[PDB]
């Protein structure tokens, strides 16, 4: 017929057309998280919004390189250098550095997480922004691995509300990727979630990430409808807008018919 029929039973992911000044990159908020607390980040409510009930440590904006790869120091014979986790051995040393004299189980201070001086050993962070699909079709987001706990949410009223990026987190636990650290221990690699997206609409995107001890890891990718993969550097795909709670037409509940 003259018009597309629309995704079945309001199935389309909600998106946005914010009218304000677009900024390259995502906003990163940092929140307090306790060293060796392996239980707090196992709860859906905590990972969706509860993190923001803890002390906010700071923020950085305009981040396009969004993967996390934090390595603890090895205090070695030849100085102090970051140790790739797969190179750690024994009790303990780091391959090519010898034995390390420092503890794996204390807090360490570093700017490795987006240049913000904090404790990547123990912290929770919230990345927010809008994903701009250049192509219409199925997009598959993935975490290659999760160390320690993480979620990824896409869509208006799922990640956050349109034109309200900077507001307190919404309560939705309808995660696109659920990488929450299981209670019973365990969890596989290459965890994934798929969203059908219409080109040129801005899709709210939230990533919440937490680490309790030592190494922290979150390699983020998206496979595009053309089958190519974008990993780590999402420049050209992720943007921020200052809140405009007064922009009435900002929410597009169904981009398939808009």
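Residue numbers count along the first chain shown, from 1. Basically, rigid core = biggest C-alpha set you can superpose within 1.5 Å across the two forms.
C-alpha RMS from this form in 7 other deposited structures of this protein, rigid core superposed: larger for 187 to 195 or 205 to 213?
-> When 187 to 195 and 205 to 213 are compared in 7 other deposited structures of this protein, 187 to 195 lies farther out.
Between 178 to 186 and 145 to 153, where do the CA atoms move more in 7 other deposited structures of this protein, taking the root mean square over the structures and residues after a core fit?
-> It is 178 to 186 whose C-alphas lie farther from the shown form in 7 other deposited structures of this protein.
Which has the higher mean CA temperature factor in the PDB entry, 9 to 17 or 246 to 254?
-> Higher mean C-alpha B-factor in the PDB entry: 9 to 17.
What stretch has the higher average Cα B-factor here, 45 to 53 or 202 to 210?
-> The entry gives the higher C-alpha B-factor average to 45 to 53.
Selection by C-alpha B-factor (highest) of 60, 222, 68, 197 | Each of 60, 222, 68, 197 was compared by C-alpha B-factor; the highest is 60.
Could you tell me which one of 147, 112, 166, 161 shows the highest CA temperature factor in the PDB record?
-> In the PDB entry, the greatest C-alpha B-factor among 147, 112, 166, 161 is found at 166.
Sorting the chain's modelled residues by C-alpha B-factor, tell me whether residue 28 ends up in the lowest, middle or highest third.
-> Its C-alpha B-factor belongs to the middle third of this chain's values.
Select lowest, middle or highest to describe the third in which the CA B-factor of residue 184 falls within its chain in this entry.
-> For residue 184, whose C-alpha B-factor we compare with every modelled residue in the chain, the answer is the highest third.
Taking the chain's C-alpha temperature factors as the reference, tell me which third residue 137 falls into: lowest, middle or highest.
-> Its C-alpha B-factor, which the entry lists for residue 137, ranks in the middle third among residues of this chain.
Is the Cα B-factor recorded for residue 82 in the lowest, middle or highest third of its chain?
-> Residue 82: CA B-factor falls in the lowest third of its chain.
Please rank the C-alpha B-factors of the chain's modelled residues and tell me whether residue 88 sits in the lowest, middle or highest third.
-> Ranked within chain, residue 88 CA B lands in the lowest tercile.
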